[PDB]
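There is one chain below, alone, in structure tokens, taken in the form deposited in one PDB entry.
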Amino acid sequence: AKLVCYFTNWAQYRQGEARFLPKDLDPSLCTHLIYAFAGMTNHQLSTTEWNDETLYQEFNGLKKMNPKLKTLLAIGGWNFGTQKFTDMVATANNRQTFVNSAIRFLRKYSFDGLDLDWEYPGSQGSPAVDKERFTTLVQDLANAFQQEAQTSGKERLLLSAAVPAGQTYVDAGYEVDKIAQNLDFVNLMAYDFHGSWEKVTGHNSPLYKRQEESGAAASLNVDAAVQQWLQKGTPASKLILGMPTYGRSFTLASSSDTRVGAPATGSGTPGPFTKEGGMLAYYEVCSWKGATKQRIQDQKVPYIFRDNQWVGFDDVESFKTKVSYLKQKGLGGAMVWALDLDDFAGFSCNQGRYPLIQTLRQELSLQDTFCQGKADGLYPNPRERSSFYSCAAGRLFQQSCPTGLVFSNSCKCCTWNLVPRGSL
């Protein structure tokens, strides 16, 4: 299982106890750490913060304490917008300039791969052609990453992508089946489903639909987003379920109507640290005094309200529920946005350091010719213990075992690993 955690390079600017600094990084907490963000200049990869180069060394320096730990560098995000992606992907030459710069940059700074965070191909200013050109970008990077690994001798650079949960964005920019074959893993942004852009209270990251929802709204939830990415061609083993360590906040029309779906007049009051109306870090919500917390029964996530302020957020219970679901669906693990929004310093929630992300950590720990002319049956994955190959009429399929089970040829099944006999 993977635990993919995002680092943000502007969290160093928050005040007081919310300030996230190099010491706050825990190299043992996640399996993959991703640096948000890099930007782009003249179609080449570039820093976005005056001290990025210093931060890169601290960041990848984490691998000396944990050398299982892999690191990636993310490009794009909210602030980046789209136009630079659009200009880079348009011509095969511009794409080339980027891909080469990318490889140079990542080796130069000790990153193990690249995470694409374009928001989004085919949306906002991005033209319809950017959908297929994004496929081409992903292909090119996968190509050039593969050849660098032969030539250089070292391990191939990883390639991942952070992908939207909304069908409108997915349809407009993502050829799912294609890109999924090239991406090492797929970071599903299963949050921002509801927020203060809408006129009524809604949860940021609900697990299931509410009984009363219909139309498009019925798919604005984690389960529908997961099935969407599965049905459209993503292997479960590559689908990483994003979790948010922030909630989204509303100002209610009336303090007497606090239901999910209650009229809201706009964003909730900015948090003392994040200072962005409409959202709150977990550390800003977890210890609200004199508030009333409730759980949404159908959606398995909590909300909290106090006077005219209402916030939907994720807690320890909901992260556990989401990991159960995740494993029940055979997903490749969990992704989290973001490290600096969890109570990383244990100063607020009285739950220790990283209570949300630790919850994920704990709960996560509980060819094309090969199958011919084989008979129908199961075969092991020579490169992997918890995966296997099924042959069906000459055709190969790759499946994974349930979490905490291994493939044994003796039962042609996934089962328990062999038991020790009073060993060291």
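We number the residues from 1 along the sequence you see.
This protein has a second form, the form solved in complex with a partner chain, left out of what is shown; the following refers to that one.
J.: Which residue, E132, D192, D140, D298, has a heavy atom that falls within 4.5 Å of its partner chain in the deposited complex?
T.: It is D192 that has a heavy atom within 4.5 Å of the partner.
J.: Consider the chain as shown here, without its partner, and state which of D117, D184, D343, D314 has a heavy atom within 4.5 Å of its partner chain in the deposited complex.
T.: Going through each option in turn, the one that passes is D117.
J.: Quick check on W197: any heavy atom within 4.5 Å of its partner chain in the deposited complex?
T.: Result yes; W197 sits at the interface with its partner chain in the deposited complex.
J.: Consider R248 of the chain shown here, and say whether it contacts its partner chain in the deposited complex, taking contact as heavy atoms within 4.5 Å.
T.: Heavy-atom contact with its partner chain at 4.5 Å: present for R248.
J.: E276: heavy atom within 4.5 Å of its partner chain in the deposited complex?
T.: Heavy-atom contact with its partner chain at 4.5 Å: present for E276.
J.: Examine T168 and determine whether its closest non-hydrogen atom to its partner chain in the deposited complex is within 4.5 angstroms.
T.: Heavy-atom contact with its partner chain at 4.5 Å: absent for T168.
J.: Name the stretch, out of 118-126, 283-291, 147-155, 321-329, where some heavy atom lies within 4.5 Å of its partner chain in the deposited complex.
T.: Stretch with heavy atoms near the partner: 118-126.
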